[PDB]
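Visitor: pasting an experimental structure with its sequence.
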Amino acid sequence: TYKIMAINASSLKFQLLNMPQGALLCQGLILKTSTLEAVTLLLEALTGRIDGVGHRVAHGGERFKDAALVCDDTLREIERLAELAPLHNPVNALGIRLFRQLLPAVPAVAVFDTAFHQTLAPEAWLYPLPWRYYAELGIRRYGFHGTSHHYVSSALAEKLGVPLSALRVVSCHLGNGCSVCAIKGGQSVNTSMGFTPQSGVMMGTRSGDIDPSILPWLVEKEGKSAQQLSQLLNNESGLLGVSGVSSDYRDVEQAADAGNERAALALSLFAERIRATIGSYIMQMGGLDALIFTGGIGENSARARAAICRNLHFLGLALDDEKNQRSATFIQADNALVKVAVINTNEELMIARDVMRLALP
Amino acid sequence: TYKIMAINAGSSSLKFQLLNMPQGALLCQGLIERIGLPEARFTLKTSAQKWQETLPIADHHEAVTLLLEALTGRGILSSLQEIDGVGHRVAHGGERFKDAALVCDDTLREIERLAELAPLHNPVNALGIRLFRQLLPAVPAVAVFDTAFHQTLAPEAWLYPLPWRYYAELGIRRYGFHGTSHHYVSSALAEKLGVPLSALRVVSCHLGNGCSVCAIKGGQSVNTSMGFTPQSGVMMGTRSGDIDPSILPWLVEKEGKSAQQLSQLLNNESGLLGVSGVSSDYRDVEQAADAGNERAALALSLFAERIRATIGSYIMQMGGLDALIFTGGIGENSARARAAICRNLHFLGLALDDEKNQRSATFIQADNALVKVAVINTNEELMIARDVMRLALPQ
Ligand SMILES: Nc1ncnc2c1ncn2[C@@H]1O[C@H](COP(=O)(O)OP(=O)(O)NP(=O)(O)O)[C@@H](O)[C@H]1O
Ligand SMILES: Nc1ncnc2c1ncn2[C@@H]1O[C@H](COP(=O)(O)OP(=O)(O)NP(=O)(O)O)[C@@H](O)[C@H]1O
């Protein structure tokens, strides 16, 4: 019945969906079905070979608790938040304006990676810095992957046939970027990425959290500039820094299986960082009913999931080897109290559902 | 029967205790402070008496001479031959020192070597060792390292997810601190329970002006919250603990902070002081909170939450929990902080007995709780003196 386009803008990803069923009518980047601004070459192929558009927006600060219809004011405050996401937000909003003009008939919705986490309480988003870093400069935990965490936790409630608000859930989005999120009463109550998508657990090239006092030390012993520190934390660490082999989980796995000791330690550390975070969120929620794995690694790596779930009988959580090995939807042992799910994230569909809810009620 | 002295040298201070071993009876204690500076003060206390005096003390050499002369001049010791050994607190032992060590020519070089890491502490600690060998040449000495107890951590706990180089070449990794306090109170917990530490899964919270958590399984530390430096981990009096590392390059770009300013931000302007805007002292922040200061109340709540998050991490690492220990200035005295920290832990079988907790009794868990919760006073100088007995006086 309905045709919704999901946009993600040095690139421009796209996915046109047939709602409300969610059937993919095409996908591409700058084009597939079932070489050579660039939004025109898109709308051209559409013809030579639309009810609404939803736009991914990287940062929504404290201003957007939810997705927002695209008007000039909401565009005003999107471009304002460039002060926090300066290399992503401004061309997300440029993409919103290019569809504002080339395709002027069409309602648009903006979907923020941060909005889902705006239910965190201050004990969870305030860093123990001098107050004025928050109150005058906006430094606080924001969290990301909000669309992914939102989608898979909802999908998990549906599959179990209960209200999401009836469950204490830990959701692990494990890809090149990685984050964990605690969801209780249907609200995100904590998540592991912080002020920027750099922090939290170990990732492909990001370090995640580390002893902050290392950084002043590196400045003084190696004269690292702000750029250099940033490049260290985001481009040189994680699986790539530790292993010395690859940022890609499977390449690291292959090297560890052929004897590489730094690779194996990388996989071991990767699992530990996530296990420690899960542990914090179980503590904070006072228990656990379900644990979700998603992303390119969570959906596909039986080994990462097995290593993350080892020796958790004190929670009533254990895995079934045969189910884990096939990446079945539920992989917990038949006598386990905690459900463990492997759910494929579909952020374009989540975005499409927001365009429906907010542009076609 | 044995007379052991515990020494702790700071950049401008010298703390000391004289203990009767092996019973641990405190003979005297005191502090020389503001050495080299004006307002230098020498305080010495016994069971019965206190003495205090502001006088010029030039270097640590003069502080040691004044302390030794006072031991005999105050009748505490017949003579300095009465002293049977001296234990020295040393800030950082790297990976070299898995245990306390007899002071020799070679221990001092390795301590001075480790100064690249603990720069404002290990050189003075070693000064204190060298002065005592010089002025007490016949008395054996032992170095006790704040880090040694944590050298049983596995690599997937002490490695940070940075490039390998930063560990293999620059020594960057988690070391952990409060080793002597965590050692002491976990061993004391096993003693009070009459079971061997090896039988328990223990989480230990040293909550003072500095704060750290430590997980002890099979009688060994398997994780702890301080890392490369004593700045990190949970929230503290003026120390932030862990924060989003990407904030520091941002502040270097936005505010132009130097390395030294970044480190003052993390160590001296954050924690309770930075959040509350009132004080770094728990009691002062609590007083301001109960009078309506929303920042102070938030400071006390965030302090509890960071500790709870760390406990949660360590319970999962060990696969459960048999006991929880509170100690240090805050852990030992603030029943409120312990209640807020322990709330809603039915998923672990952990609940407090309010009567016992208000009294700071030794065990405060509820009657049907599965987890033991202890309030134990830490005694680092006692732990040190016992290391001196063990190594210099095998007897
Ligand atoms: N079969 C597999 N086994 C293990 N790892 C896999 C497998 N397939 C994919 N991966 C990993 O999963 C990652 C996919 O990342 P992806 O989830 O698409 O991006 P992302 O997490 O959204 N990045 P970011 O938005 O910055 O957080 C790849 O980089 C691979 O390393
Ligand atoms: N009765 C009390 N109730 C609550 N807090 C208290 C009480 N008495 C002391 N405190 C707090 O206890 C703290 C003192 O900690 P203390 O153990 O003396 O420091 P510390 O452990 O030596 N710091 P560090 O240098 O890292 O070893 C202060 O923050 C006080 O506010």
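Guide: Cool, the structure landed. Numbering: from 1, shown residues only, chains lettered A, B, ... in the order given. Ligands and ions are numbered 1, 2, ... in the order given.
Visitor: for the rest of this, base every contact and every neighbour count on C-alpha atoms.
Guide: OK.
Visitor: residue A:272 and residue A:291, how far apart?
Guide: Taking CA to CA, to the nearest Å as the measure, residue A:272 falls 16 Å from residue A:291.
Visitor: ugh, wrong one, I meant residue A:46
Guide: According to CA to CA, residue A:46 stands 40 Å off from residue A:291.
Visitor: mind telling me what element the nearest residue to residue A:307 once chain neighbours are set aside is part of?
Guide: Nearest non-adjacent residue to residue A:307, counting by CA to CA, 6 or more residues apart in numbering or on different chains: residue A:271, 6.3 Å away. Assigned by DSSP states H and E, residue A:271 belongs to helix A:261-285.
Visitor: coming back round to it: residue A:272 and residue A:291: who's more crowded?
Guide: residue A:291 (23 against 20; other CA atoms under 10 Å in any protein chain shown).
Visitor: is that one in a helix, a strand, or coil?
Guide: On the three-state scheme (DSSP: H, G, I helix; E, B strand; the rest coil), residue A:291 is labelled strand.
Visitor: isn't it up against residue A:170?
Guide: Yes: contact criterion CA atoms under 8 Å: residue A:291 and residue A:170 qualify, at 4.9 Å.
Visitor: buried residues, the helix holding residue A:271. List them.
Guide: Residues A:262-285 are the ones in helix A:261-285 that count as buried (16 or more other CA atoms under 10 Å in any protein chain shown).
Visitor: what sits against residue A:290?
Guide: A:167-170, A:338-341 (CA atoms under 8 Å, 6 or more residues apart in numbering or on different chains).
Visitor: at 7 Å instead, please
Guide: Listed by CA atoms under 7 Å, 6 or more residues apart in numbering or on different chains, the contact partners of residue A:290 are A:168-170, A:338-340.
Visitor: dump the residues you listed into TSV; add neighbour count and distance to residue A:359 as well.
Guide: Output for these, formatted as TSV (neighbours: other CA atoms under 10 Å in any protein chain shown; distance: CA to CA, whole Å):
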residue	neighbour count	distance to residue A:359
A:168	21	31
A:169	32	30
A:170	29	31
A:338	21	38
A:339	22	35
A:340	29	35
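Visitor: and of the residues you listed, the nearest to ligand 1?
Guide: residue A:170 (16.7 Å; CA to the nearest ligand atom).
Visitor: just to be sure, the closest one is in a strand?
Guide: Yes: assessed with three-state DSSP, residue A:170 lies in a strand.
Visitor: give me the beta-bridge partners of it?
Guide: Counting by DSSP bridges, residue A:170 is bridged to residue A:182, residue A:291.
Visitor: ok, now how distant is it from residue A:200?
Guide: Going from residue A:170 to residue A:200 by CA to CA gives 15 Å.
Visitor: kindly report the same for residue A:20.
Guide: To residue A:200, residue A:20 is 35 Å away according to CA to CA.
Visitor: who has more neighbours, those two?
Guide: Set residue A:20 next to residue A:200 and count neighbours by other CA under 10 Å: residue A:200 wins out with 26 against 14.
Visitor: looking at it, residue A:8 is touching residue A:55, isn't it?
Guide: Yes: using CA atoms under 7 Å, residue A:8 is in contact with residue A:55, at 6.1 Å.
Visitor: these two: who's more crowded?
Guide: Taking other CA under 10 Å, residue A:8 and residue A:55 do not tie; residue A:55 has more neighbours (28 against 19).
Visitor: that one bridge partners, please.
Guide: Judged by DSSP bridges, the bridge partners of residue A:55 are residue A:7, residue A:110.
Visitor: contact partners for it?
Guide: Going by CA under 7 Å, 6+ apart, residue A:55 touches A:6-8, A:96, A:109-111.
Visitor: the stretch 51-200 of chain A against chain B: which residues are in contact?
Guide: For the stretch 51-200 of chain A, the residues in contact with chain B (CA under 7 Å from any CA of the partner chain) are A:123, A:127-131, A:194-196, A:198-199.
Visitor: go again using 6 Å as the cut-off
Guide: Contact residues, the stretch 51-200 of chain A versus chain B (CA under 6 Å from any CA of the partner chain): A:123, A:128-131, A:194, A:199.
Visitor: tell me which of those fall in helices.
Guide: The members of those that map onto helices under DSSP state H are residue A:123.
Visitor: which one among the residues of the stretch 51-200 of chain A next to chain B gets closest to ligand 2?
Guide: Closest approach to ligand 2 among these (CA to the nearest ligand atom): residue A:128, at 15.2 Å.
Visitor: what about the closest one, neighbour count?
Guide: Look at residue A:128: counted by other CA under 10 Å, it has 32 neighbours.
Visitor: where exactly do the strands run in chain A?
Guide: Along chain A, counting by DSSP state E, strands occupy A:2-8, A:13-19, A:23-28, A:52-57, A:68-69, A:108-112, A:168-174, A:178-184, A:187-191, A:290-294, A:339-342.
Visitor: take the ones you listed and write them to a markdown table, including distance to residue A:251.
Guide: Formatted as a markdown table, the strands of chain A follow (distance: least, CA to CA, whole Å):
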| stretch | distance to residue A:251 |
| --- | --- |
| strand A:2-8 | 28 |
| strand A:13-19 | 26 |
| strand A:23-28 | 26 |
| strand A:52-57 | 30 |
| strand A:68-69 | 40 |
| strand A:108-112 | 32 |
| strand A:168-174 | 16 |
| strand A:178-184 | 17 |
| strand A:187-191 | 28 |
| strand A:290-294 | 19 |
| strand A:339-342 | 22 |
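Visitor: is there proximity between stretch A:227-239 and ligand 1?
Guide: No: for a cut-off given as CA under 6 Å from any ligand atom, stretch A:227-239 has no contacts with ligand 1; the smallest distance is 9.5 Å.
Visitor: quick one, what contacts whichever residue of the stretch 151-300 of chain A sits closest to chain B?
Guide: Taking CA to the nearest CA, chain B has its nearest neighbour within the stretch 151-300 of chain A at residue A:241, 3.7 Å off. Residues in contact with residue A:241, defined by CA atoms under 6 Å, 6 or more residues apart in numbering or on different chains, are B:162-163.
Visitor: next, work out how far apart it and residue B:165 are.
Guide: Distance, residue A:241 to residue B:165, using CA to CA: 8 Å.
Visitor: which residues touch stretch A:244-254?
Guide: Residues contacting stretch A:244-254 (CA under 6 Å, 6+ apart): A:204-205, A:239-240, A:263.
Visitor: kindly report the residues of chain A close to ligand 1.
Guide: Contact residues, chain A versus ligand 1 (CA under 6 Å from any ligand atom): A:174-178, A:248-250, A:295-297, A:300-301.
Visitor: most neighbours out of these, which is it?
Guide: Each of those was scored for neighbours by other CA under 10 Å, and residue A:178 scores highest at 28 neighbours.
Visitor: who does that residue bridge with?
Guide: Beta bridges link residue A:178 to residue A:174, judged by DSSP bridges.
Visitor: wait, doesn't residue A:207 sit right on residue A:237?
Guide: Yes: with contact defined as CA atoms under 6 Å, residue A:207 counts as touching residue A:237 (4.9 Å).
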